[PDB]
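Visitor: Could you have a look at this structure, given as structure tokens, before my questions?
Positions of Cβ are generated from backbone atoms using ideal geometry, with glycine treated the same way; all protein chains shown enter the neighbour counts. What follows draws every value from the coordinates through simple rules; no lab data is involved.
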Amino acid sequence: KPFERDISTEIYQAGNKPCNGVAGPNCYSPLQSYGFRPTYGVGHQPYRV
Amino acid sequence: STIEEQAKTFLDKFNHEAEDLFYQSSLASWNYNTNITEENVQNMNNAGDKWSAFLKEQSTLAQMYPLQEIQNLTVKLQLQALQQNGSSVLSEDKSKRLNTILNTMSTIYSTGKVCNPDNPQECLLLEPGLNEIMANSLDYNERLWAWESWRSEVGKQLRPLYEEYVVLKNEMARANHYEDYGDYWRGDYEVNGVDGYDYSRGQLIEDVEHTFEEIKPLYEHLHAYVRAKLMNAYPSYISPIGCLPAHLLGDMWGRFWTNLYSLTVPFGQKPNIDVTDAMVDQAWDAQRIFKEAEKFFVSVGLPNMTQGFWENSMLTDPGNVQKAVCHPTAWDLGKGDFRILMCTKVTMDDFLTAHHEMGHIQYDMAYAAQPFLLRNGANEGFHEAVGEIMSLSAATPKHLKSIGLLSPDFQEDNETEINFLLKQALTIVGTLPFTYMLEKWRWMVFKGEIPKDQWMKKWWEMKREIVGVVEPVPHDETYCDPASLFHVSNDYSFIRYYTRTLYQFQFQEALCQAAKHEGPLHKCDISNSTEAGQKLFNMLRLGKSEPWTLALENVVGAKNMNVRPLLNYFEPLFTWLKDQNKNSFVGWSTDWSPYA
Ligand SMILES: *[C@@H]1O[C@H](CO)[C@@H](O)[C@H](O)[C@H]1NC(C)=O
Ligand SMILES: *[C@@H]1O[C@H](CO)[C@@H](O)[C@H](O)[C@H]1NC(C)=O
Ligand SMILES: *[C@@H]1O[C@H](CO)[C@@H](O)[C@H](O)[C@H]1NC(C)=O
Ligand SMILES: *[C@@H]1O[C@H](CO)[C@@H](O)[C@H](O)[C@H]1NC(C)=O
Ligand SMILES: *[C@@H]1O[C@H](CO)[C@@H](O)[C@H](O)[C@H]1NC(C)=O
Ligand SMILES: [Zn+2]
């Protein structure tokens with residue numbers, strides 16, 4: 001919903017079986033990392049908004 | 001939920017991790033190639049091992065989803081690419097010995113040295129000196145010695161190794177779903193699931209055979225002309241009805257006849273078009289060479305180069321202390337980074353090569369939006385085809401005069417067109433029979449039609465029947481003639497060159513119709529036509545998402561490769577060859593051989 005903050009990392013249960021709080025098959029951590037390097041092209045460079 | 005959504009989330013995670021890992025590997029490789037040192041080698045090795053391990057892990061993971069439940073026609077292709085089992089299905093000992101055989105073949109090909117006859121002073125490697133001798137030396141005896149010595153040096157050594165290689169790769173293919181390793185190689189051209197645009201793995205065989213059946217008249221007439229010229233150059237060695245001897249073709253394997261332009265020149269008086277002196281007089285450098293190449297793609301409607309590209313790319317040879325490889329390459333490192341590694345000097349060939357590389361980068365930029373697995377050309381041929389169409393258009397006299405390198409005074413006659421068409425003929429038409437023959441031989445060997453005891457007999461018989469080339473010194477089964485070629489030794493597919501050769505001229509015909517050119521196809525420039533640029537960009541943006549059949553339909557209006565554009569391109573030379581071959585026999589007789 002508009003203007004909402006979520007910070008809790010629960011292992012995504014896309015599969016039909018509970019993840020039990022660990023990573024594995026059909027169990028991925030929701031958070032993913034940008035990697036910023038000077039040689040990256042415009043459009044992948046980090047932008048401050 | 002459904003496995004389709006599960007597979008979708010898996011693909012998203014894989015894409016976002018693989019982009020970063022591939023960027024690290026590509027940056028390590030670029031650093032190694034630009035600046036060769038032990039630390040750079042260690043970093044590149046680490047990055048490559050990490051990327052290979054990640055690909056193996058993700059390929060093992062992806063096998064959970066059956067492809068039957070996937071019906072998006074994009075997720076299916078990505079999961080198919082991941083499930084191709086890059087993880088070696090073979091046993092541990094089988095994999096270790098296959099790697100050992102590949103390493104041994106590469107080592108023997110790279111370190112194969114030929115020594116002088118009864119002279120231990122020098123033992124020459126293939127690439128540095130022997131290739132130059134074969135290319136430029138006009139000594140029949142020396143060329144025959146070089147060819148025979150290289151054959152005995154490498155083919156005899158690699159024959160048991162090549163037999164073990166074919167056995168192991170056939171076992172790998174049998175372990176996979178593909179019939180044989182030829183089927184594994186042809187699987188790239190396969191299209192499944194899209195009715196009305198589909199392709200079959202065996203359909204490539206029929207298409208290649210039919211295309212060569214159409215090409216054969218032009219090759220026969222060019223063969224007759226080259227036979228007459230080489231008979232004039234070497235009086236006693238060449239027979240009128242017989243096939244050409246192998247060593248006199250121009251290179252070690254007969255792949256390219258470009259070295260024969262001097263011997264078979266149509267008109268000596270007419271000088272070839274070359275802009276080296278003009279560029280020197282106008283004081284150009286590599287940076288503005290690449291800028292002029294960029295202006296062409298800007299004119300056709302495609303985007304222009306990135307500031308990051310200009311900053312990071314090394315287009316000029318550093319020289320002095322710096323050590324680097326000078327093989328031209330266009331790098332799509334990933335995440336918006338594009339670079340050229342080229343030691344570019346002020347020459348016409350370097351200018352055209354710069355055009356070719358920037359064509360590569362425009363393709364890479366176009367398919368950047370698509371997922372990582374699909375971020376490639378639709379088939380192995382389209383990528384160099386897109387390079388080669390730009391290379392061909394750049395060298396046109398109209399483009400040269402528009403740029404201003406060529407003076408307004410000059411006008412092209414019949415002789416200049418004939419000379420240029422015949423040079424490009426020896427470059428392009430000549431390699432098609434060799435590629436056809438090599439792929440047919442290798443496919444038959446993989447399928448098992450050619451027995452081991454008749455490997456080389458069938459090889460040379462098919463070369464005599466198809467390519468019209470006869471072995472100078474007869475060779476028994478101990479020799480392994482194909483093993484000498486680089487692609488055969490290092491296990492590279494070779495039908496890509498045939499497909500590229502057809503595709504580039506189909507693209508050129510389509511884009512010349514788009515540009516509304518009137519006249520012969522050779523004097524066609526697509527510079528200022530924005531219709532042709534958009535028609536190309538339609539395919540360039542797709543990547544592998546759509547089938548290559550649909551991409552080719554989008555560009556040229558046909559779902560299958562056709563040699564009609566190539567024949568239309570070389571029609572003037574075809575007429576000139578009819579005229580010149582009135583007093584020369586057309587066709588070759590198999591019976592004649594230099595021996596007996
Ligand atoms: C790859 O090999 C595994 C066994 O290691 C098998 O389960 C899987 O189906 C194979 N994939 C294909 C498409 O050959
Ligand atoms: C080239 O790219 C720049 C942006 O990097 C753009 O402003 C410019 O219009 C493009 N074309 C020309 C002719 O410079
Ligand atoms: C190459 O890389 C090394 C670091 O490994 C660096 O010290 C050197 O300046 C670079 N350039 C050359 C020409 O060696
Ligand atoms: C393309 O357009 C430019 C515009 O200045 C012109 O100078 C050039 O001659 C044109 N090229 C061709 C081949 O028509
Ligand atoms: C082209 O060929 C015709 C027929 O021989 C000839 O009359 C004409 O002058 C030629 N043009 C040239 C010299 O390029
Ligand atoms: Zn290329």
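Visitor: Against the condition over 28 Å from B:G319 (Cβ atoms), more than 9 Å from every other protein chain (Cβ to nearest Cβ), buried (at least 17 other Cβ atoms within 10 Å of the Cβ) and not charged (D, E, K, R), how does B:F22 come out, does it pass?
Guide: Yes, satisfied.
Visitor: Let me ask something else about it. Quick check: anything in segment B:322-330 assigned to a loop (DSSP other than H, G, I, E, B), more than 22 Å from B:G377 (Cα to Cα), touching an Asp or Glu at 6+ places or on another chain (Cβ under 9 Å) and free of Cβ contacts under 8 Å to residues at least 40 places away in the same chain?
Guide: Among the residues of segment B:322-330, at least one is assigned to a loop (DSSP other than H, G, I, E, B), more than 22 Å from B:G377 (Cα to Cα), touching an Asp or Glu at 6+ places or on another chain (Cβ under 9 Å) and free of Cβ contacts under 8 Å to residues at least 40 places away in the same chain, which makes the answer yes.
Visitor: Scan segment B:121-144 for residues that are more than 23 Å from the chain's Cα centre (by Cα), closer than 15 Å to B:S262 by Cβ and hydrophobic (A, V, I, L, M, F, W, C) and report the count.
Guide: Here the count works out to 1.
Visitor: Ok, one more. Please verify whether segment A:9-29 includes one or more residues that are surrounded by 10 or more Cβ atoms within 10 Å (Cβ to Cβ), under 25 Å from B:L27 (Cα atoms), within 16 Å of the chain's Cα centre (by Cα) and at the interface with chain B (Cβ under 7 Å from one of its Cβ atoms).
Guide: Taking every residue of segment A:9-29 in turn, none turns out to be surrounded by 10 or more Cβ atoms within 10 Å (Cβ to Cβ), under 25 Å from B:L27 (Cα atoms), within 16 Å of the chain's Cα centre (by Cα) and at the interface with chain B (Cβ under 7 Å from one of its Cβ atoms).
Visitor: May I ask you to say which residue of B:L55, B:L79 is part of a helix (DSSP H, G or I), within 21 Å of B:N192 (Cα to Cα) and within 16 Å of ligand 1 (Cβ to nearest atom)?
Guide: That would be B:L79, the only listed residue that is part of a helix (DSSP H, G or I), within 21 Å of B:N192 (Cα to Cα) and within 16 Å of ligand 1 (Cβ to nearest atom).
Visitor: Could you tell me whether segment A:30-38 includes any residue that is out of contact with any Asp or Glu (no Cβ under 9 Å at 6 or more places or on another chain), within 11 Å of chain B (Cβ to nearest Cβ) and under 18 Å from B:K8 (Cβ atoms)?
Guide: no
Visitor: Can you work out which of the residues in segment B:332-355 that are buried (at least 21 other Cβ atoms within 10 Å of the Cβ) and in contact with an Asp or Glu (Cβ under 8 Å, 6 or more places away or on another chain) is farthest from B:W30 (Cα to Cα)?
Guide: Out of the qualifying residues, it is B:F351.
Visitor: Turning to a different aspect of this structure: So if I check each of B:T435, B:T427, which one is within 16 Å of ligand 6 (Cβ to nearest atom) and in a helix (DSSP H, G or I)?
Guide: On inspection, the qualifying residue turns out to be B:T427.
Visitor: Does B:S149 count as within 30 Å of B:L260 (Cα to Cα) and surrounded by 15 or more Cβ atoms within 10 Å (Cβ to Cβ)?
Guide: Criteria met by B:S149.
Visitor: Report yes if some residue within segment B:507-516 is without any contact (Cβ under 8 Å) to a residue 24 or more places away in the chain and not in a helix (DSSP H, G or I); otherwise report no.
Guide: Yes, the conditions are met somewhere in segment B:507-516.
Visitor: How many residues are surrounded by fewer than 19 Cβ atoms within 10 Å (Cβ to Cβ) and more than 14 Å from B:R541 (Cβ to Cβ) when one looks only at segment B:356-379?
Guide: So the answer is 1.
Visitor: Being β-branched (V, I, T) and either within 16 Å of ligand 6 (Cβ to nearest atom) or over 30 Å from B:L374 (Cα atoms) (or both): is that true of B:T100 here? Steps first, answer last, please.
Guide: On the way: β-branched (V, I, T): yes; either within 16 Å of ligand 6 (Cβ to nearest atom) or over 30 Å from B:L374 (Cα atoms) (or both): yes.
Yes; evaluated as a whole, the condition is true for this residue.
Visitor: Consider segment B:92-128. How many of its residues are surrounded by 12 or more Cβ atoms within 10 Å (Cβ to Cβ) and either within 14 Å of another protein chain (Cβ to nearest Cβ) or within 16 Å of ligand 1 (Cβ to nearest atom) (or both)?
Guide: 2
Visitor: So, in segment B:60-74, how many residues would count as being more than 14 Å from chain A (Cβ to nearest Cβ) and assigned to a helix (DSSP H, G or I)? Let's see the steps before the verdict.
Guide: We begin by selecting, within segment B:60-74, every residue more than 14 Å from chain A (Cβ to nearest Cβ); these are B:66-68, B:70-74.
Those still in the list that are assigned to a helix (DSSP H, G or I) too: B:67-68.
Of the residues in segment B:60-74, 2 are more than 14 Å from chain A (Cβ to nearest Cβ) and assigned to a helix (DSSP H, G or I).
Visitor: While we're on this one: Look through segment B:287-331, keep the residues that are surrounded by fewer than 14 Cβ atoms within 10 Å (Cβ to Cβ), touching a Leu at 6+ places or on another chain (Cβ under 9 Å) and not polar (S, T, N, Q), and return whichever of them is nearest to the other protein chains (Cβ to nearest Cβ).
Guide: Only one residue fits best here, namely B:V325.
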